[PDB]
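# Examination of the molecular architecture
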2 protein chains.
Amino acid sequence: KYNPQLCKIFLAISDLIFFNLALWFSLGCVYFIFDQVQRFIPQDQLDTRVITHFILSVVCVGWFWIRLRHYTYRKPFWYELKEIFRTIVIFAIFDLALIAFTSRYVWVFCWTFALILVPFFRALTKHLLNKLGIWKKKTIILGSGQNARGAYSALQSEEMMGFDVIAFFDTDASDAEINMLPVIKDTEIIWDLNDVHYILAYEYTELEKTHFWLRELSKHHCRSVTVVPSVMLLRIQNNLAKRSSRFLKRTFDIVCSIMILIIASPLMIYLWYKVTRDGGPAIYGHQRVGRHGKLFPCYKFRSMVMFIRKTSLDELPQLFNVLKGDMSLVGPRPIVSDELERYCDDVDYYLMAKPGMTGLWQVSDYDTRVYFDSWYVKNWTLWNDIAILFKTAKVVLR
Amino acid sequence: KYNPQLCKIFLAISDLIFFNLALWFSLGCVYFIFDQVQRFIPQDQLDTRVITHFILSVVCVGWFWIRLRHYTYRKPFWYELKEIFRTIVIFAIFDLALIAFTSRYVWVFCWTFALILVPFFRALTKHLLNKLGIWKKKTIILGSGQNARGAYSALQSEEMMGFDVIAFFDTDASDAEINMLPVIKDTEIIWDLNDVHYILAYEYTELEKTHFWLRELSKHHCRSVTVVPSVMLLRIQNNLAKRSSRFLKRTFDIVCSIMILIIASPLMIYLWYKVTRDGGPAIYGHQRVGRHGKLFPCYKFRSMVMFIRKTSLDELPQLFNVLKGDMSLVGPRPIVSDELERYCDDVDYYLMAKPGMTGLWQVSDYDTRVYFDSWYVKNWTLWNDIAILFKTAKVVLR
């Protein structure tokens, strides 16, 4: 039932309408709290101002349609969110330049509103549109090994893109069921299926096959093609080796930890009162390996004798720890010194960054955790920290 | 004697000074031809306007320093030049918008001046620094096969980059001289050399070695690293399959052919008068394979009985061909139908695009020409057309 043009039209309508609604909400709040905007913006400005905003609005959708191509190619939720935030803050810079060259409060209100609402309302409209069933588009995976099934699992890791993997294909598939999906070996089925999207996930040793398929989908002019690997210049950015990144992470850690301490102090104090009925220290320090291999006392709610565990509140006192600098909010899970050997050659990756209360594996065996922590350390960004923190809050809620 | 800090400082100073000098030149020309700018821009504007320009200027260098990194990483002259034009035209949108919310002639004059002068004067500055010996930085190549020597030759293809290859390295090198350069097999020489840049050019079958070297340059913290190959998403853009690109190429071809006709009509008419002394057609049509395999009469100056060839003027009448659509300026060299077989599986690539007066191989055996033409067809851009046309004019001059 997949329908691309209706999706694009609805998404553009949502973008324009809600981008205008941000400024209208700013106007309404200013009127409700101050009662006079003619005080602030005289009347003859309005139309002029608003039409300028209209122009900006269409420019925004233009930058999202013909340059960033949000309406023809699909990205995960978080990459979309980061790109949209960068675009909209750059647009806020544009409008600040326009206004300064001609109010701060109305500008801040409108654009904070926009940042909050445009992605959330895009999510709402795409969810309703998925409920309408023209969002999910049918896809065929090529490959019958671990790479294909892992990519399939990655696709189900976030349904909001709408890739419905309907069937697999591999001329030499050992099984008939991959992840309980039908397997196609005679390619005539594939070509008779032609709005069918394709995902190439052949393994490295079969990469040559992909090259053949790289030609195949070109011959019948199939534009919906995507390949996921198992004179070019790739710059691997070791972000954790930058002093500016470390200082920014320290500042963000301090601010967020202080804020959440302010938020959750009553609950922690109530837990203190309830636990201290036995007469002992409700908070204990356990030795763990931290940054550079440094041994630190992690502070935790006491769980044993001289409900919290199910709710996972026992990790709350670590914020005091974060107040001193031993760990961040986002990072590898703390482990004992005996568990260090299981990292093997990745030990250096485990010791390069401060540990975190939450990490990639917490929200996504021991080797899987080690690989996820190493990937987080190698590809650390502040955006990744925000995403992992939001996912951790989501997990806590569910 | 290589010096990065002096080069960066000089390049920034040149960029800023000449960006301001563009506006000063616009002011001077407007004054010389009009005699009154107070007519146009009153006096109290000047300082305000100029300081805004000053701000824009530093913004420009900022956008070239911390975002585009033109001062720490080296790019080919044409990629640099295209990126600089894109930056300047985006800034043109900026400044035209800034003026709109508050003259067309002065703005156009000033920033055509900037567009012409900033790249050319930056080139003059880096050539002067090359004469001063702080531009060429010493580089070590890794690899002893065809890929290493090919990357070496492609590096000498643009000496303005500033990469002086001083020695090779390969533990298993068969020879002692690669391109007559010294070869190292004990890496202790390389680590004793440590401002030494590195170029990894190991072949695909030895790619594993590069991975080891990928670690090696990491452990000694050598940040001057570069690799040239012999979940990622690579979108191969077949530009020639786009109707908009084809129409743009048609319009550009028409305009450029018309202007070349306007410029070169006296020379062509004179050569007509000189050749027609024998009483025959100075212009002849030779059958050649064109777009889609279409056979077309290519127009050429007559060279045989019933100086021009040395000067290569005999290819001038093909402009008339370009006027009808069988020829472009930039494209594969026209060949006879017997030469088609030598393209082999690449024949389809030879037939997809209109033949041009000049091509990539003309300015850069038969197989090399076929590969260059196929690469041009696959990776065609209007910027590539401009670069090849400029290189062809350069070749004609030399």
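Above this text you will find the structure in question.
Residues numbered from 1 in each chain as written, not as in the entry; some residues may be left out. Chains lettered and ligands numbered in written order. Heavy atoms only, no water.

## Section: the sheet that holds strand 6 (residues 225–227) of chain A
Residues and elements named next belong to chain A. As summarised here, the arrangement of the 4 strands in space is 2-1-5-6, forming an open sheet in which the pairing is parallel. Both outer strands of the open sheet, strand 2 (163–169) and strand 6, are each paired with one neighbouring strand and no more. Across this sheet, the average inter-strand angle for adjacent strands is 25 degrees, counted without regard to direction. When strand 1 (residues 137–142) meets strand 2, the two strands line up parallel, connected through 6 bridges. Residue pairing for strand 2: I140 is matched across the bridge by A167. Of the strands in this sheet, strand 1 and strand 2 touch helix 5 (residues 146–156), which is tilted by about 165 degrees from strand 2. Sheet contacts for helix 7 (residues 207–219): strand 1, strand 2, strand 5 (197–200) and strand 6; angle to strand 5, the most-contacted strand, approximately 160 degrees. (Pairing = 2+ DSSP bridges. Helix = DSSP H or I, 4+ residues; strand = E, 2+ residues; numbered from the N terminus. Axes fitted to C-alpha atoms, helices over the stretch in contact; angles between N-to-C directions. Contact = heavy atoms within 4.5 Å.)

## Comments concerning the relation of the copies chain A and chain B
Of the two same-sequence chains, chain A is brought onto chain B (RMSD 0.2 Å, axial shift 0.0 Å) by a rotation of 180 degrees. The two molecules are tied by a two-fold rotation axis, judged by turn and shift. A share of 94% of interface residues in chain A that are also interface residues in chain B marks the association as one of identical surfaces. (Least-squares fit on C-alpha atoms.)

## Considering a positive patch on the surface
On the surface, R67(A), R69(A), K82(B) and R86(B) cluster together into a positively charged patch. When you line up the elements, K82(B) lands in helix 3 (residues 77–100). (Patch = residues over 30% accessible without salt bridge, like charges linked within 9 Å, V, L, I, M, F, W, Y side chains within 5 Å. Areas by Shrake-Rupley, 256 points an atom, 1.4 Å probe, with all protein chains shown as cover. Salt bridge = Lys/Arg side-chain N within 4 Å of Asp/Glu carboxyl O. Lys, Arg positive; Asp, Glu negative; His and termini not counted. Charge placed at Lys NZ, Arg CZ, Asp CG, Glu CD.)

## A short note on unusual backbone geometry
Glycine aside, a negative phi is what most residues show, and trans is what most peptide bonds show. Residues and elements named next belong to chain A. For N179, which is not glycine, the phi torsion reads 55 degrees and is therefore positive. Position of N179 among the secondary structure elements: in the loop between strand 3 (177–178) and strand 4 (181–182). On the basis of relative accessibility, which here comes to 36%, the residue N179 falls in the partly exposed class. (Buried < 20%, exposed > 50% of the residue type's maximum accessible area, 1.4 Å probe, protein only.)

## Describing the pairing of strand 7 (residues 283–289) of chain B
All names here are of chain B. Two strands pair when backbone bridges link them, and strand 7 and strand 8 (residues 295–301) are joined in this way by 7 bridges, in the antiparallel orientation. Paired with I283 across the bridge in strand 8 is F301. Between strand 7 and strand 8, which follow one another and run antiparallel, lie 5 residues, and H292 among them has a positive phi close to 60 degrees.

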